[PDB]
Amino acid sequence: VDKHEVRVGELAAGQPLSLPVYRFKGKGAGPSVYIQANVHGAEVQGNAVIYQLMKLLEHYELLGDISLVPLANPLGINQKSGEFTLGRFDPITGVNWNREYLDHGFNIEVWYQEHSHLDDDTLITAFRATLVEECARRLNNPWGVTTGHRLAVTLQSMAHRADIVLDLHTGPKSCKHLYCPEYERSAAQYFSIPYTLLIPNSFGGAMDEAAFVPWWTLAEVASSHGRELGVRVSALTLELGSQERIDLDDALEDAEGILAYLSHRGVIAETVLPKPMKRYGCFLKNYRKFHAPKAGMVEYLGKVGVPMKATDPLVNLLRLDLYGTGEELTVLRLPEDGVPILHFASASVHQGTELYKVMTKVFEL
């Protein structure tokens, strides 16, 4: 396993901020893969998944290149506030690190017309080069870029080089879930993840969108001019359970599912079949946020990853300040049938604190 380090920033006291990049060289015509974990500092299980995946890959026949970037945001990973990693956003500005990726601005209609005389492979190579160069340009600005933008664009440049991008995250108190763009709903069949969110061709600041939107858009533009190029990049986001947790056995299960997808895509020569299990989904627009309608102390009743019906108890809300009044213990209920995916990591909420995220209008994939 070839390893190098990639510089992503620098701290006030002088210390460089760098990432370890592990590379497995493929011997064949299989697709290239880029995997990263822990952009969100508290979401550490992704590192254990990378560890297990690399241990497994050491016994497979790699047909395509694989690059793996654990510990992808040291500034967030190393940031504590109390006994909790404050790792989700820049502590100075509040900007979510996974909202700092680069939306390629250029006109794809024009880019396509200017390259439409090239054959598919040549055109694809040129498009990839244009994205990599756009990242370089962005970082070359004399006014500079934000701390998180430098990190994200640096990761993005590496991701753009691959045919397949897997971004490993975790939820707070959460079940395993997956984000797939609508064009590759089938990907969910190979991972070992029970709930999938199908997402549209829209850039919203995150790595997966940053990676797929240019290619999905190029595919549509090409087809609109009678050329069926196809979407040439896969980019998926795996939300592997809960944050602030390392569970090596569970990480192995996640890694086994990833291998099934890698086998399916021809990255590895061996046939690795998907885990037989039920897989459900919902379209992103039906993924709902449930906010505390009143403040108070919270006992979570809705178990993550378990379907619930409209009006079922989601939490008990306890109010010691209201003892004997009639409202010291109340039940907050789920508005619509759905599956609670994740809940707030703390037991005390203000009015409006996000208590849960719930997939509604869920279907079997």
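Sequential numbering from 1, following the sequence displayed.
Peer 1: Looking at the deposited entry, does 2 to 10 or 355 to 363 carry the larger mean Cα B-factor?
Peer 2: Comparing averages over the C-alpha atoms only gives 2 to 10.
Peer 1: If you average the Cα B factors in the entry, which is higher, 102 to 110 or 269 to 277?
Peer 2: The stretch with the larger mean CA B-factor is 102 to 110.
Peer 1: Please pick out which of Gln156, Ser234, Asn78, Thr122 has the largest Cα B-factor as recorded in the entry.
Peer 2: By C-alpha B-factor in the record, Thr122 ranks first.
Peer 1: Could you check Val306, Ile35, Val298, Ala48 and tell me which one carries the biggest Cα B-factor in the deposited entry?
Peer 2: The listed residue with the largest C-alpha B-factor is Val306.
Peer 1: Is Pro194 in the lowest, middle or highest third of its chain when residues are ranked by C-alpha B-factor?
Peer 2: For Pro194, whose C-alpha B-factor we compare with every modelled residue in the chain, the answer is the lowest third.
Peer 1: Please rank the C-alpha B-factors of the chain's modelled residues and tell me whether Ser18 sits in the lowest, middle or highest third.
Peer 2: It belongs to the middle third of the chain when residues are ordered by C-alpha B-factor.
Peer 1: Using the B-factors in the PDB entry, rank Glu256's C-alpha atom against the chain and give the third, lowest, middle or highest.
Peer 2: Middle third, going by the recorded CA B-factors of the chain.
Peer 1: According to the PDB entry, is the CA B factor of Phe89 in the bottom, middle or top third of its chain, that is, lowest, middle or highest?
Peer 2: For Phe89, the deposited C-alpha B-factor lands in the lowest third.
Peer 1: Which third, lowest, middle or highest, does the CA B-factor of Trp97 fall in along this chain?
Peer 2: It falls in the bottom third of the chain.
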